[PDB]
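Have a look at query09.pdb; it's PDB, C-alpha atoms and all ligand atoms:
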```
ATOM      1  CA  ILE F   1     107.055  74.424 167.678  1.00  0.00           C
ATOM      2  CA  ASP F   2     107.465  78.266 168.124  1.00  0.00           C
ATOM      3  CA  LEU F   3     109.030  80.046 165.093  1.00  0.00           C
ATOM      4  CA  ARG F   4     111.090  83.119 166.082  1.00  0.00           C
ATOM      5  CA  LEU F   5     111.955  86.193 163.980  1.00  0.00           C
ATOM      6  CA  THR F   6     113.297  89.574 165.143  1.00  0.00           C
ATOM      7  CA  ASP F   7     111.563  92.755 163.953  1.00  0.00           C
ATOM      8  CA  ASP F   8     115.114  93.834 162.926  1.00  0.00           C
ATOM      9  CA  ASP F   9     115.595  90.551 161.001  1.00  0.00           C
ATOM     10  CA  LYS F  10     112.160  90.898 159.284  1.00  0.00           C
ATOM     11  CA  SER F  11     113.488  94.229 157.965  1.00  0.00           C
ATOM     12  CA  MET F  12     116.736  92.656 156.624  1.00  0.00           C
ATOM     13  CA  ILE F  13     114.640  90.090 154.651  1.00  0.00           C
ATOM     14  CA  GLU F  14     112.305  92.811 153.194  1.00  0.00           C
ATOM     15  CA  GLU F  15     115.434  94.881 152.267  1.00  0.00           C
ATOM     16  CA  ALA F  16     117.433  91.940 150.790  1.00  0.00           C
ATOM     17  CA  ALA F  17     114.399  90.699 148.822  1.00  0.00           C
ATOM     18  CA  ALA F  18     114.114  94.228 147.350  1.00  0.00           C
ATOM     19  CA  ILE F  19     117.908  94.213 146.434  1.00  0.00           C
ATOM     20  CA  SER F  20     117.471  90.720 144.819  1.00  0.00           C
ATOM     21  CA  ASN F  21     114.312  92.054 142.999  1.00  0.00           C
ATOM     22  CA  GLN F  22     112.182  89.123 144.377  1.00  0.00           C
ATOM     23  CA  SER F  23     109.189  88.835 146.772  1.00  0.00           C
ATOM     24  CA  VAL F  24     109.921  88.198 150.511  1.00  0.00           C
ATOM     25  CA  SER F  25     108.373  84.698 150.033  1.00  0.00           C
ATOM     26  CA  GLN F  26     110.404  83.871 146.893  1.00  0.00           C
ATOM     27  CA  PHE F  27     113.589  85.117 148.604  1.00  0.00           C
ATOM     28  CA  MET F  28     112.871  82.949 151.707  1.00  0.00           C
ATOM     29  CA  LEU F  29     112.227  79.785 149.595  1.00  0.00           C
ATOM     30  CA  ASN F  30     115.226  80.456 147.305  1.00  0.00           C
ATOM     31  CA  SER F  31     117.629  81.039 150.252  1.00  0.00           C
ATOM     32  CA  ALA F  32     116.238  77.981 152.188  1.00  0.00           C
ATOM     33  CA  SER F  33     116.563  75.915 148.951  1.00  0.00           C
ATOM     34  CA  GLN F  34     120.224  76.865 148.310  1.00  0.00           C
ATOM     35  CA  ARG F  35     121.307  76.787 151.982  1.00  0.00           C
ATOM     36  CA  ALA F  36     119.764  73.240 152.137  1.00  0.00           C
ATOM     37  CA  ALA F  37     122.253  72.249 149.370  1.00  0.00           C
ATOM     38  CA  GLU F  38     125.257  73.768 151.258  1.00  0.00           C
ATOM     39  CA  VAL F  39     124.239  71.839 154.464  1.00  0.00           C
ATOM     40  CA  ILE F  40     123.743  68.510 152.573  1.00  0.00           C
ATOM     41  CA  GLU F  41     127.266  68.752 150.979  1.00  0.00           C
ATOM     42  CA  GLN F  42     128.828  69.871 154.290  1.00  0.00           C
ATOM     43  CA  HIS F  43     127.384  66.807 156.105  1.00  0.00           C
ATOM     44  CA  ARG F  44     128.224  64.506 153.128  1.00  0.00           C
ATOM     45  CA  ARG F  45     131.881  65.566 153.507  1.00  0.00           C
ATOM     46  CA  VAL F  46     131.858  65.144 157.360  1.00  0.00           C
ATOM     47  CA  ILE F  47     130.364  61.603 157.066  1.00  0.00           C
ATOM     48  CA  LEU F  48     132.882  60.733 154.329  1.00  0.00           C
ATOM     49  CA  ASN F  49     135.769  61.892 156.504  1.00  0.00           C
ATOM     50  CA  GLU F  50     134.298  60.012 159.551  1.00  0.00           C
ATOM     51  CA  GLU F  51     134.326  56.899 157.216  1.00  0.00           C
ATOM     52  CA  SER F  52     138.110  57.439 156.399  1.00  0.00           C
ATOM     53  CA  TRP F  53     139.105  57.482 160.077  1.00  0.00           C
ATOM     54  CA  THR F  54     137.065  54.366 160.804  1.00  0.00           C
ATOM     55  CA  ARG F  55     138.810  52.814 157.678  1.00  0.00           C
ATOM     56  CA  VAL F  56     142.316  53.733 159.155  1.00  0.00           C
ATOM     57  CA  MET F  57     141.488  52.475 162.700  1.00  0.00           C
ATOM     58  CA  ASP F  58     140.028  49.289 161.058  1.00  0.00           C
ATOM     59  CA  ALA F  59     143.509  48.612 159.562  1.00  0.00           C
ATOM     60  CA  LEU F  60     145.649  49.824 162.513  1.00  0.00           C
ATOM     61  CA  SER F  61     143.678  47.711 165.069  1.00  0.00           C
ATOM     62  CA  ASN F  62     144.195  44.407 163.116  1.00  0.00           C
TER      63      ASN F  62
ATOM     64  CA  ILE T   1     102.847  86.336 142.849  1.00  0.00           C
ATOM     65  CA  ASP T   2     103.347  82.524 142.263  1.00  0.00           C
ATOM     66  CA  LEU T   3     105.861  80.877 144.668  1.00  0.00           C
ATOM     67  CA  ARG T   4     107.719  77.931 143.075  1.00  0.00           C
ATOM     68  CA  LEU T   5     109.369  74.940 144.790  1.00  0.00           C
ATOM     69  CA  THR T   6     110.512  71.639 143.245  1.00  0.00           C
ATOM     70  CA  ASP T   7     109.421  68.366 144.869  1.00  0.00           C
ATOM     71  CA  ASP T   8     113.178  67.525 144.772  1.00  0.00           C
ATOM     72  CA  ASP T   9     114.005  70.851 146.496  1.00  0.00           C
ATOM     73  CA  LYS T  10     111.273  70.303 149.162  1.00  0.00           C
ATOM     74  CA  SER T  11     113.145  67.076 149.989  1.00  0.00           C
ATOM     75  CA  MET T  12     116.539  68.866 150.307  1.00  0.00           C
ATOM     76  CA  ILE T  13     114.973  71.312 152.844  1.00  0.00           C
ATOM     77  CA  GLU T  14     113.362  68.462 154.908  1.00  0.00           C
ATOM     78  CA  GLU T  15     116.750  66.605 154.832  1.00  0.00           C
ATOM     79  CA  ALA T  16     118.908  69.681 155.670  1.00  0.00           C
ATOM     80  CA  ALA T  17     116.533  70.747 158.470  1.00  0.00           C
ATOM     81  CA  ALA T  18     116.928  67.221 159.925  1.00  0.00           C
ATOM     82  CA  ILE T  19     120.813  67.486 159.660  1.00  0.00           C
ATOM     83  CA  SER T  20     120.660  70.960 161.365  1.00  0.00           C
ATOM     84  CA  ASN T  21     118.285  69.446 164.038  1.00  0.00           C
ATOM     85  CA  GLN T  22     115.657  72.222 163.392  1.00  0.00           C
ATOM     86  CA  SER T  23     112.072  72.296 162.009  1.00  0.00           C
ATOM     87  CA  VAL T  24     111.605  72.941 158.228  1.00  0.00           C
ATOM     88  CA  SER T  25     110.053  76.340 159.184  1.00  0.00           C
ATOM     89  CA  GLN T  26     112.876  77.325 161.577  1.00  0.00           C
ATOM     90  CA  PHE T  27     115.473  76.267 158.976  1.00  0.00           C
ATOM     91  CA  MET T  28     113.720  78.355 156.254  1.00  0.00           C
ATOM     92  CA  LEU T  29     113.540  81.492 158.492  1.00  0.00           C
ATOM     93  CA  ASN T  30     117.125  81.036 159.769  1.00  0.00           C
ATOM     94  CA  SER T  31     118.564  80.578 156.231  1.00  0.00           C
ATOM     95  CA  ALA T  32     116.465  83.522 154.832  1.00  0.00           C
ATOM     96  CA  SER T  33     117.614  85.636 157.842  1.00  0.00           C
ATOM     97  CA  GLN T  34     121.352  84.927 157.345  1.00  0.00           C
ATOM     98  CA  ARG T  35     121.275  85.038 153.518  1.00  0.00           C
ATOM     99  CA  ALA T  36     119.534  88.478 153.869  1.00  0.00           C
ATOM    100  CA  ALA T  37     122.671  89.652 155.770  1.00  0.00           C
ATOM    101  CA  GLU T  38     125.060  88.309 153.052  1.00  0.00           C
ATOM    102  CA  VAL T  39     123.006  90.138 150.319  1.00  0.00           C
ATOM    103  CA  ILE T  40     122.890  93.447 152.304  1.00  0.00           C
ATOM    104  CA  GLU T  41     126.737  93.445 152.764  1.00  0.00           C
ATOM    105  CA  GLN T  42     127.301  92.395 149.126  1.00  0.00           C
ATOM    106  CA  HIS T  43     125.186  95.344 147.859  1.00  0.00           C
ATOM    107  CA  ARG T  44     126.733  97.722 150.468  1.00  0.00           C
ATOM    108  CA  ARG T  45     130.167  96.893 148.999  1.00  0.00           C
ATOM    109  CA  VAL T  46     128.962  97.275 145.334  1.00  0.00           C
ATOM    110  CA  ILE T  47     127.403 100.717 146.098  1.00  0.00           C
ATOM    111  CA  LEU T  48     130.566 101.772 147.961  1.00  0.00           C
ATOM    112  CA  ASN T  49     132.735 100.777 145.009  1.00  0.00           C
ATOM    113  CA  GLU T  50     130.300 102.530 142.562  1.00  0.00           C
ATOM    114  CA  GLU T  51     130.829 105.661 144.811  1.00  0.00           C
ATOM    115  CA  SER T  52     134.710 105.371 144.449  1.00  0.00           C
ATOM    116  CA  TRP T  53     134.557 105.355 140.642  1.00  0.00           C
ATOM    117  CA  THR T  54     132.198 108.328 140.591  1.00  0.00           C
ATOM    118  CA  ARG T  55     134.699 110.018 143.064  1.00  0.00           C
ATOM    119  CA  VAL T  56     137.651 109.310 140.593  1.00  0.00           C
ATOM    120  CA  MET T  57     135.718 110.478 137.474  1.00  0.00           C
ATOM    121  CA  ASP T  58     134.620 113.580 139.509  1.00  0.00           C
ATOM    122  CA  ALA T  59     138.338 114.492 139.897  1.00  0.00           C
ATOM    123  CA  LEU T  60     139.566 113.389 136.429  1.00  0.00           C
ATOM    124  CA  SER T  61     136.789 115.348 134.603  1.00  0.00           C
ATOM    125  CA  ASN T  62     137.657 118.697 136.343  1.00  0.00           C
TER     126      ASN T  62
HETATM  127 NA    NA W   1     119.147  95.358 160.514  1.00  0.00          NA
HETATM  128 NA    NA W   2     112.156  98.895 161.342  1.00  0.00          NA
HETATM  129 NA    NA W   3     117.703  84.730 146.136  1.00  0.00          NA
HETATM  130 NA    NA W   4     141.584  61.106 156.921  1.00  0.00          NA
HETATM  131 NA    NA W   5     117.838  66.284 145.847  1.00  0.00          NA
HETATM  132 NA    NA W   6     111.160  62.302 147.121  1.00  0.00          NA
HETATM  133 NA    NA W   7     120.105  76.940 160.099  1.00  0.00          NA
HETATM  134 NA    NA W   8     138.094 101.927 142.873  1.00  0.00          NA
END
```

Would you write the structure of this file as structure tokens?
Ligand code: NA
Ligand code: NA
Ligand code: NA
Ligand code: NA
Ligand code: NA
Ligand code: NA
Ligand code: NA
Ligand code: NA
Amino acid sequence: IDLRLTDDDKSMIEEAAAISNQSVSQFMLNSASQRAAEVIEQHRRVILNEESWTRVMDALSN
Amino acid sequence: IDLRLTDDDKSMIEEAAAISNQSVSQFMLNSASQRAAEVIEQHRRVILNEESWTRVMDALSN
């Protein structure tokens, strides 16, 4: 809807892209791309664990 | 120059933004914003350590 970025956060990205020796756009894509992976695995693990508890309660209730 | 994203990486971002309950654009900014921080601190620490060694060699050489 309304994307929000701080002028002090826009600086961090310009600075970190420089450190990484990449463009601000390549840094943004790269970080979004790898943080997407982290998030996917995190959620995979939480759903898997949610599935173990429902497996235990399935047995215990019977 | 030429930004590159895999069709299989574009999917990960759409999926992870959904998990995070954010737009693909807000997810991208947010992840770039927080990964910029990680990178800044990483480099701060490497420069600080580089400064300790040059401090040791400064003494040892004299
Ligand atoms: Na800052
Ligand atoms: Na500034
Ligand atoms: Na990067
Ligand atoms: Na369990
Ligand atoms: Na994938
Ligand atoms: Na696909
Ligand atoms: Na996020
Ligand atoms: Na040292």

**Study point:** Separation of CA of residue 45 (chain T) from CA of residue 18 (chain F) in Å
**Key:** 16.4 Å

Counting only C-alpha atoms, which residues in chain T sit no more than 8 Å from chain F? For each one, give the nearest pair of atoms and the distance in Å, sorted by chain then residue number, as a Markdown table.
```
| residue | atom | partner | partner_atom | distance |
| --- | --- | --- | --- | --- |
| T:1 | CA | F:23 | CA | 7.9 |
| T:3 | CA | F:26 | CA | 5.9 |
| T:4 | CA | F:26 | CA | 7.6 |
| T:5 | CA | F:29 | CA | 7.4 |
| T:9 | CA | F:33 | CA | 6.2 |
| T:10 | CA | F:33 | CA | 7.7 |
| T:12 | CA | F:36 | CA | 5.7 |
| T:13 | CA | F:36 | CA | 5.2 |
| T:15 | CA | F:40 | CA | 7.6 |
| T:16 | CA | F:36 | CA | 5.1 |
| T:17 | CA | F:36 | CA | 7.5 |
| T:19 | CA | F:43 | CA | 7.5 |
| T:20 | CA | F:39 | CA | 7.8 |
| T:23 | CA | F:1 | CA | 7.9 |
| T:25 | CA | F:3 | CA | 7.0 |
| T:26 | CA | F:3 | CA | 5.9 |
| T:27 | CA | F:32 | CA | 7.0 |
| T:28 | CA | F:32 | CA | 4.8 |
| T:29 | CA | F:28 | CA | 7.0 |
| T:31 | CA | F:32 | CA | 5.3 |
| T:32 | CA | F:28 | CA | 4.8 |
| T:33 | CA | F:9 | CA | 6.2 |
| T:35 | CA | F:31 | CA | 6.3 |
| T:36 | CA | F:16 | CA | 5.1 |
| T:37 | CA | F:12 | CA | 6.7 |
| T:39 | CA | F:16 | CA | 5.9 |
| T:40 | CA | F:16 | CA | 5.9 |
| T:43 | CA | F:19 | CA | 7.5 |
```

With C-alpha atoms retained, write the just-selected residues as an mmCIF file, keeping the file's coordinate frame.
```cif
data_model
loop_
_atom_site.group_PDB
_atom_site.id
_atom_site.type_symbol
_atom_site.label_atom_id
_atom_site.label_comp_id
_atom_site.auth_asym_id
_atom_site.auth_seq_id
_atom_site.Cartn_x
_atom_site.Cartn_y
_atom_site.Cartn_z
ATOM 1 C CA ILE T 1 102.847 86.336 142.849
ATOM 2 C CA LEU T 3 105.861 80.877 144.668
ATOM 3 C CA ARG T 4 107.719 77.931 143.075
ATOM 4 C CA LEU T 5 109.369 74.940 144.790
ATOM 5 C CA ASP T 9 114.005 70.851 146.496
ATOM 6 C CA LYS T 10 111.273 70.303 149.162
ATOM 7 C CA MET T 12 116.539 68.866 150.307
ATOM 8 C CA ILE T 13 114.973 71.312 152.844
ATOM 9 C CA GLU T 15 116.750 66.605 154.832
ATOM 10 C CA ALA T 16 118.908 69.681 155.670
ATOM 11 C CA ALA T 17 116.533 70.747 158.470
ATOM 12 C CA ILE T 19 120.813 67.486 159.660
ATOM 13 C CA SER T 20 120.660 70.960 161.365
ATOM 14 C CA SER T 23 112.072 72.296 162.009
ATOM 15 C CA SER T 25 110.053 76.340 159.184
ATOM 16 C CA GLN T 26 112.876 77.325 161.577
ATOM 17 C CA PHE T 27 115.473 76.267 158.976
ATOM 18 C CA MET T 28 113.720 78.355 156.254
ATOM 19 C CA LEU T 29 113.540 81.492 158.492
ATOM 20 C CA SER T 31 118.564 80.578 156.231
ATOM 21 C CA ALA T 32 116.465 83.522 154.832
ATOM 22 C CA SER T 33 117.614 85.636 157.842
ATOM 23 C CA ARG T 35 121.275 85.038 153.518
ATOM 24 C CA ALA T 36 119.534 88.478 153.869
ATOM 25 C CA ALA T 37 122.671 89.652 155.770
ATOM 26 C CA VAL T 39 123.006 90.138 150.319
ATOM 27 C CA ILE T 40 122.890 93.447 152.304
ATOM 28 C CA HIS T 43 125.186 95.344 147.859
#
```

Exercise for review: Enumerate as a list in words the residues within 6 Å of ligand NA 8 (chain W), counting all atoms listed in the file.
Suggested key: residues 49, 52 and 53 of chain T

Selection file, C-alpha atoms, as a CSV table (one decimal), in the frame of the given file:
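See selection_18.csv below for the written result:
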```csv
chain,number,residue,atom,x,y,z
T,49,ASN,CA,132.7,100.8,145.0
T,52,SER,CA,134.7,105.4,144.4
T,53,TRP,CA,134.6,105.4,140.6
```

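The coordinates place atom NA of ligand NA 1 (chain W) at 12.8 Å from CA of residue 44 (chain T).
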